[PDB]
């Protein structure tokens, strides 16, 4: 199976191809261009064609909401029209599961003025919260982009953590037991705050 996995959560937009359970392609670009300036021109430049894929994966964040809505719309449109499965994935979940620090794990990301974080235990997790300075117990996990922000008792910052790669590997695993994927009409960005 060959999966196209997309991530438009942040200005470091990235997409991956997953085959044989592993990443066979990843393109990652930090850009000040608008999301619609980059998509879908960046696919044409790299010869990425939606009909060449068996399945799709897309980040639902947390991330910048308008760029998430754009990326999710691209992917839902392709998956629905080609009759191919689609799998959504969550950035904060991936940051916790893939970082081998002790529990509790506090992945966090900054979107605009909000630091969103989520608290993971071995067998359970909290909702996505908004950070307000509180003293937190456990191990913060984030990106080098956000190195100036300290959550928890100690921090690990990933030099790079391309969500579309980890999300695509997850989607591959997901489709083994759930080959129909997730309902394409219901895929939407994660909304922490209301409008």
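Numbering follows the first chain given and starts at 1.
*Asks:* Mean C-alpha B factor from the entry: is it higher for 44 to 52 or for 134 to 142?
*Replies:* Comparing 44 to 52 with 134 to 142, the higher average CA B-factor belongs to 134 to 142.
*Asks:* Comparing 9 to 17 with 174 to 182, which stretch shows the greater average C-alpha B-factor in the deposited entry?
*Replies:* Between 9 to 17 and 174 to 182, it is 174 to 182.
*Asks:* Per the PDB entry, which option out of 73, 91, 88, 124 has the greatest Cα B factor?
*Replies:* By C-alpha B-factor in the record, 124 ranks first.
*Asks:* Is residue 129 in the lowest, middle or highest third of its chain when residues are ranked by C-alpha B-factor?
*Replies:* As the PDB entry reports it, the C-alpha B-factor of residue 129 lands in the middle third of its chain.
*Asks:* In terms of the chain's CA B-factor thirds, is residue 190 lowest, middle or highest?
*Replies:* Tercile = lowest for this residue's CA B-factor.
*Asks:* Sort the modelled residues of this chain by their C-alpha B factor and say whether residue 63 lands in the lowest, middle or highest third.
*Replies:* Middle third.
*Asks:* Can you tell me which third, lowest, middle or highest, the CA B-factor of residue 4 falls into for its chain?
*Replies:* Lowest third - that is where residue 4 ends up once the chain's C-alpha B-factors are sorted.
*Asks:* Going by the CA temperature factor in the PDB record, which third of the chain does residue 33 belong to: lowest, middle or highest?
*Replies:* Within its chain, residue 33 is a highest-third residue by C-alpha B-factor, going by the deposited values.
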